[PDB]
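# A closer look at the structure
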Amino acid sequence: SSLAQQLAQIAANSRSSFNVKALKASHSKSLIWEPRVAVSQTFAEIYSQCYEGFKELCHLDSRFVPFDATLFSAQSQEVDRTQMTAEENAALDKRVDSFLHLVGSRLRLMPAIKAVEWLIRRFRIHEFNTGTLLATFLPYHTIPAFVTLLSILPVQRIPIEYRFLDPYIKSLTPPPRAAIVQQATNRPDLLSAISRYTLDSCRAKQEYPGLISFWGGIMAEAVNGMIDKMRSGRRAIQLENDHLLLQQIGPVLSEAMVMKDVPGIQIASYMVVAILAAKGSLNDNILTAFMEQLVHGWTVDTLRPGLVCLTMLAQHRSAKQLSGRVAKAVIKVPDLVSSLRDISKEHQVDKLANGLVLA
Amino acid sequence: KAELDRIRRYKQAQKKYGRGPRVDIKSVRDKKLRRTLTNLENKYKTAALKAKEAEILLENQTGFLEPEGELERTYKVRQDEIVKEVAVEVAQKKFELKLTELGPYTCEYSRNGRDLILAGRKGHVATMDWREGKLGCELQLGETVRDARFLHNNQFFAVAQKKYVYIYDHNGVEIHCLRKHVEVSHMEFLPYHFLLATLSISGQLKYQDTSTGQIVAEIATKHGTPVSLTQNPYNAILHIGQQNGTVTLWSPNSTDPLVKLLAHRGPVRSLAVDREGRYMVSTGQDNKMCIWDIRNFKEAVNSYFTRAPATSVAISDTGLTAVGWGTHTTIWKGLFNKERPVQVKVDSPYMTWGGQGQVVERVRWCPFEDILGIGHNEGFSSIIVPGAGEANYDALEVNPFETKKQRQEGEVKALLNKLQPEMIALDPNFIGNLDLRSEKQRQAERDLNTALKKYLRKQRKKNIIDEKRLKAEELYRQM
Amino acid sequence: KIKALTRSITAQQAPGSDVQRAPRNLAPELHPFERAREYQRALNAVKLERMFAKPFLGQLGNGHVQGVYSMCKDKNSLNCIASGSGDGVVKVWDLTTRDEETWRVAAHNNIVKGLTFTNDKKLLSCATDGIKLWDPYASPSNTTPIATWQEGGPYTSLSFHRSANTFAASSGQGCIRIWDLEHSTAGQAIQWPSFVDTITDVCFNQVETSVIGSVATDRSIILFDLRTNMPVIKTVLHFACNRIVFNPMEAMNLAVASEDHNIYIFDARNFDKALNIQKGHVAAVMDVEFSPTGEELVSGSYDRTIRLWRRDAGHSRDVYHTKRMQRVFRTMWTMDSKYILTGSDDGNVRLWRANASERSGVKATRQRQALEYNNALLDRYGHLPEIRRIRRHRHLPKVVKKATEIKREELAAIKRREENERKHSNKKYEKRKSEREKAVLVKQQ
Amino acid sequence: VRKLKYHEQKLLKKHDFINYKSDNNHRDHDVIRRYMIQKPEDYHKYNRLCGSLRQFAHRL
Amino acid sequence: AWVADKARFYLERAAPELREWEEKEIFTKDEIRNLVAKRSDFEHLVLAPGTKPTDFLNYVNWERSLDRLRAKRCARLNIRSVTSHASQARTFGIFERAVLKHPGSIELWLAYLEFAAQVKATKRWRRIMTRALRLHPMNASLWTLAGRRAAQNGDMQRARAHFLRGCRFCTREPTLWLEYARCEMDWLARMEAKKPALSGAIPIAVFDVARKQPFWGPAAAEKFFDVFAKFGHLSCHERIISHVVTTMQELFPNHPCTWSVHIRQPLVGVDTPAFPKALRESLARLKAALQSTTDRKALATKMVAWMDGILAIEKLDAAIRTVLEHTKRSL
Amino acid sequence: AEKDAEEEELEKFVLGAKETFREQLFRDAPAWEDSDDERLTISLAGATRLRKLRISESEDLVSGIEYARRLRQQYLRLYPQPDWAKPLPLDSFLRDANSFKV
RNA sequence: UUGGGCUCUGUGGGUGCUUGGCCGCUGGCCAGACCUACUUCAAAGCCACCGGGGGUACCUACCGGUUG
RNA sequence: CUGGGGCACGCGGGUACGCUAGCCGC
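## A few points about the overall build of chain F
Helix and strand counts for chain F come out as five helices and two strands. Reading the helices (α) and strands (β) of chain F from amino to carboxyl end gives α-α-α-β-β-α-α. Relative to the globule expectation of 13 Å for 102 residues, the C-alpha radius of gyration of chain F, 26 Å, shows a markedly less compact shape. Taking the principal axes of the C-alpha coordinates as reference, chain F spans close to 65 × 60 × 25 Å.

This is how it looks when you write it as structure tokens:
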């Protein structure tokens, strides 16, 4: 069956339908309605209902006028993605992902998911942009819209990172956070992809509280579980495992420590590096480096929580002194001893104060 | 004038769909015949005119590539650049299937384009449905396979085995062995006349039915083991190439060969013929390949060289062709224009598949997607050449995508229109023309110094007393 | 400048419909085998119409006690027929209620020679006892007639006016006489002014009304007029003639049914030659009727054979029979020109079809497409030996086929003797007269 | 192929897609599928030897 | 179905004008490619068995805008040979199959009638109105549009034919009766403008039959008074006003509509010194109607609607306006 | 422009907006110098490897500076330029390898 | 011995004695390149695998004739 | 009346519009 496995690989790589039943099936895989009507649905009334939803969404938020120009047009009726060349498809894919990051905030609502319906039933987004769509609806893991998306995905198209839902796609049921995070523990790459999505969201300034709260829970329990295995007892093994961990968490944690426009992701980065400090027996230089980027990156709304982080950081530090610019910015701190008494009311700030006065 | 476009339309329509020169109307003596034939030729002209008028309704465009700058030549265009060039539709259709450990793979495409059939000479036959990438039959057949081809649809296929010839149905089952055509090394399928054509090593040629199963004609083609075979799908006849380097053109309705053209001095290695019905290109054991018109039986230009005597040739739907020779194959574009009364040699070819130690076994075109299948001893592959294939089809003839309903519809239609195999000729449409000898007998029964020496010399050996020879003797006496 | 052919299968089926889109191309480069392919389609066409060549459609009534020697269709309604027996009884059927009878009465003593309907509603009976008139569709039935005549000798036939209330009775005294309804008693007696020889039948023209033709037993026909009350012309032919007709579209065209076993198409203005010779039988023809299309013709033999015809063959398009019907007598069309009627010797009214393989009703569009496609293809190829012989091969009863071989052999010998007399006589230095010229003996005023 | 209708089967009596008159009602298939042979080649080898013995009997 | 072959017929019908447009430089190869593809998709979904007159109208407006754009580009290109006739005819074929397919969509009916009335198919429009009016005998909208365009063209006798047949059929609503009296008095005003007809007894007679019509309502008679009170610049307008007033006063004595017309009666041709005197006379009538024993809330709603209309008429005195405000507030 | 706004609106309406839709989709001095390169020249048409690097079918003898420029074009056509070819505390710690010792 | 087991899958090697990847090779290439020339003379025969008995209307072939 | 033949069918300014009936050009 050698040639059979090889043709099977091709059949996986197949995208545009080439026999009448397969055409009907992928044509009828939809979101809002049922397949029995979806098969006797044509683009026109589909464009009508989704355009009504799209005008509702553009009336809610201003920033939908670019895809009013480029992705929600009377020409966006006729354009079939399969018929153009790879660079056209790349530009189209970028337009998709930009709209997805644009639309990720208002997710739980009917006109937005009507827009989603146009995305699928015109642009085959469920097939062509499985990863970004899957991540951008992933933080809604207890709603039936997400359930229906899981219903009509193609299985061999789900990303290797994302192939955890296979029990749930065999048995339709909303998977819980414990499942997603357990895959985050003993599957780093799920965390990698969701980190990349959410940092792109804050870099395009389209972060939103449900997203960042989800991402905080995800990183926190994730790296918690990561250390909860990574403690081994063997000496150089724990050192090297902490090395590999740091390499994995590096870019996202730095971008979120000094993500200056987004205070929520600053707080979440505070959370993950704080747990990284207090649980894991990290080395003082790495700890002070965390301190240094946090010093580099805080704001005044994030001020008091970042102070809590420095209490953690210096409290789990082993040496007695601080390295310079930390003390510089703590001079820049406005209400030092008042905030410090308020936090030491519950937090034991003594090593921080000692490193301060040494510096 | 403004009617110059009208007259040019008339000329082009009468050249294209006129189906004949035209009827003379003024030579007619009779009034009823004259006015009725007037209405006839009138309606025929309106027909061809609106045929030209209908010719705009083709959906697709014609595939091509044009070198832009002066240095740019089409046979310096690479295939990954074609991938980055054109759409993901055909990018899901260019690929390679490396079957390694079973010998040089021979491939052929379905007559509709739906399916393809693969055989490895040391045992393998699989038919697979490529666009959805799914296979329906694969069986390793053990015995050495000498040839393979589909039958009239994807229901059945036919294979030249190590002694017998087999017809299988689609899910792998062997419908029947056939022991009537022993030792086939070449197999073709006349597709409209419903006929397998079987050429064996001995020189026996058998036209066998498939729809009712009698062989209609076995012929002792006395000369030579047939080195190669293909068939004309316009006359539906048999172009077979012999070891003397002559090509002979055959038809099931007389034991004699019907044409015997001469080619390269050693055994002509490969043949291929037009589908519109115009020309035929061969490659000889002598390293030259060259073309011939068929309606006029003539070489057009000087013989092209090949750098190795070409093992195969598949000419496309349009004037393009792939010529396969040894370890890499080449594609020419304009080897015979229809409109040009005389043809040209062309210095540079169109595009090639290159030599990386992948010796070709043969080549074929899908008849309806601008792709090219290369069977090589390291498996099957298919690259893309945009000019290939016809652009706009008639589902009345054949659809690349028939349903189950249209499939069974077409099988019953083809069974209704199976064509009695006596009607084979060099002239394809000669039906209803007159018999000269018989019409002379009819008219006769209706209305009712230098040669005489050979006459006497021939009739001096009979020796009937022959009262006509008595008149001849008296006339020779008066001479 | 790379660009390739790109078909999506969307252009095969649009998402949201059930229609399979079927685009065509019209290149001879794609559609070979045109001539032999349509030829094959013509072969299958002929073979299927002789699968379906099923003429018969029924036998009405119970059949008359003795055989039908008189019948007549109403030509202005659509489903009313009188059939009158040999046994001096008549009745009328409605076509629609096929089985039973509309109205039944005895009419005379001897065999009823003639019968028809009046343009309003009444019906008419000639026999040798006389001329009678009943009314069938009375709301209570009466058996007694409401008009009668007994003067003029044995009345051989009737002929009725297309539009008005005129009728004519052909007697056997060499005389015809015309009544007008409600305003005549003995009518106008017209004849060839010195003539006794009998007048079998007469058909009113319906192309040019007020015109009359009749046959006479001098192997001779006479054309008449009613405006100028006098015979017009008398043609004498080789052997006798049995029943007349004129064509209901082509006014100068007439046809006669002749003991020459022959249907002759004549034309009134010019009796110099027969316009057509229909040499189609063994036994002598008992009846003719023009189809109201003017394009078809029933010739009903004495023998067991209807033969059906166009106006312009000269030979047999169709032969019909079945052995339950020894000797056909009165053979006339209905008002759709699709369905013929067949009054037998065996006591039967039969309802048959013309163009015996056309299954009527209301077809589908592709059906009539296929049927007329068969028509056109057969039209194109109607000469080749294969399709030709499977076309002309009907089936034929034994005495009839033996007899048509007899006729062919005897007439071939007759032609042989004629040409031998010509070649070895002084007739050699003359023009060979063509056969439709030969058709007439003489013409007389 | 669908099942023919009336006229279709009547015209193509001699048509058959499955068994020809060159198949002997698949005596080869019958034998091999009763007795599990693996080379229909070998079936035909048995047939040729059987025919040879039968004709030796005929001359005997 | 057989949609492939029927659409083959219709696209072969569409062929030669597009051939003309391609031998012209008016539309290029890719444009005509797009056009034929769109027309094929259209006609396919049109001839689909499961069908709807909305998509019918889609194809309708599509071919109409085709004729428009081709005309505009032709004018920009200064071409004169090409016409619009084949486009009109294929539009007509689309409509003809549309109306044979759906006999139930009055909106699509009116769409066909509007397209015909714009493109000048006079006798055709008349016959199509005939057919659809036979098909829907229960829309006074259709009856009124028929008789109204007939009265507009000037065939008053054929207007009377359409309107009289509509009055014979539709008998549940007085609306076409209102409009028929409207067009009859409008024709009479046309006669007086071009200056039996001197009597003008036809609205009298149609009121006489309306009096025993099945929809016979007092509010219906009030609306009859309203449409009669429109265009009071005539000859026998006071005659018909007096007649309808005495008729409803004889039949509905104490109806609040009878009191409303007793108020608003002498303001037939008012708009000037004759305005405020009749205003005061009708105000005395209004005070009498207010003090009389009728449904005071009904009469007050009638008078507050009519007085809001009066306030919508400008050019009055502020004292009059304020006393209307007071008499309106006191209800 | 010579085209009306309503006219172009009709063009977008019936005919289609494929082209503009595609448009909507597709919305250091050198320190040291040498003189040997100006002194040097090379035969392009003679050079088989360098043959395909010309611009016209006239450039055979090409100076060294233009020759190295065509070399640059050949090399970039072979491999397009990368993005790294186009501080923060933990980024500095990250690039520090003394941070990774056993 | 600061966790371990069964079971399955994936990769590479070897399951034979260590001489290049490709080509139009006494030479060239791997970034390739050049692309359609030149022309004196068709071929010697034989062999050639179908299950048996049986029939031969038609076809094929062989042999032996026959008109032209 | 798809019986057949003859006249006209676009854009401008005019005489003229809750409209298009008439003059000449483009």
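This is not the end of the story, as more comes after the structure.
## Overview of the protein's contact with RNA strand G
Around RNA strand G there are 46 residues in total, and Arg179(B), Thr255(B), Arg307(B), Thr327(B) and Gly355(B) lie nearest to it. Near-protein atoms of RNA strand G (within 4 Å) split between backbone and bases, with sugar and phosphate holding 58%. Within the side chain of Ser202(B), a nitrogen or oxygen atom sits 3.2 Å from a base nitrogen of RNA strand G. One of the backbone N or O atoms of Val346(B) is found 3.4 Å from a sugar or linking oxygen in RNA strand G. Of all the elements in the fold, those that place two or more residues in the surface near RNA strand G are β21 (304-305) and β24 (328-332) of chain B together with α3 (40-59) of chain D. Top contributing element to the surface near RNA strand G by residue count: α3(D), with seven residues.

## Let's talk about the protein's contact with RNA strand H
All names here are of chain E. Lining the immediate environment of RNA strand H, one finds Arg80, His85, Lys120, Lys123 and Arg127. When the atoms of RNA strand H within 4 Å of the protein are sorted by group, sugar and phosphate make up 27%. Residue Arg80 places a side-chain N or O atom 3.0 Å away from a base oxygen belonging to RNA strand H. One of the side-chain nitrogen or oxygen atoms of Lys123 is found 2.7 Å away from a phosphate oxygen of RNA strand H. A class-by-class count of the residues in the surface near RNA strand H yields no nonpolar, one polar and four charged.

## Looking at the sheet that holds strand β16 (residues 220-225) of chain C
Paired through backbone hydrogen bonds, the strands of a sheet run either parallel or antiparallel to each other. All names here are of chain C. Taken together, the five strands give an open sheet; going across it, the order is β14-β15-β16-β17-β29, and neighbouring strands pair in antiparallel fashion. Single-partner strands in this sheet number two, and they are β14 (199-204) and β29 (440-444). If you compare each strand with its neighbour and ignore which way they point, the axes differ by 20° on average. Of the strand pairs in this sheet, strand β17 (residues 230-237) and β29 are connected by four bridges, and their pairing is antiparallel. Considered in β29, the bridge of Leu237 is made with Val440.

Parameters and conventions
- The residue numbering used throughout counts from 1 along each chain in the order its sequence is written. It may not match the entry numbering, and residues with no coordinates are not shown.
- Lettering for chains starts from A, numbering for ligands starts from 1, and both go in the order in which the items are written.
- Here we see some chains out of a larger assembly; the values all refer to those chains and nothing more.
- Where side-chain values are given, they derive from all heavy atoms of the structure, hydrogens and water being excluded.
- Residues with missing side-chain atoms are left out of burial classes, side-chain pairs and their counts.
- Secondary structure elements are taken from DSSP: a helix is a run of H or I of four residues or more, a strand is a run of E of two residues or more, and numbering for both begins at the N terminus.
- Values of the radius of gyration come from C-alpha atoms, whereas the globule rule sets the reference at 2.2 Å times the count of residues to the power 0.38.
- A molecule or strand has a residue near it when one of that residue's heavy atoms lies within 4 Å.
- The definition of a polar contact used here is a pair of N or O atoms within 3.5 Å, where within protein one atom must be able to donate a hydrogen and the other to accept one, and adjacent residues in sequence count solely through side-chain atom pairs.
- In this count, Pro and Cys sit with the nonpolar residues alongside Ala, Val, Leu, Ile, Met, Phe, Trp and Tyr, while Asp, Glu, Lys and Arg are called charged and the others, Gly among them, polar.
- When DSSP locates at least two bridges between a pair of strands, those strands are taken to pair.
- Interaxial angle, 0 to 180 degrees, is taken between N-to-C directions of lines fitted to C-alpha atoms, where a helix line uses only the stretch in contact.

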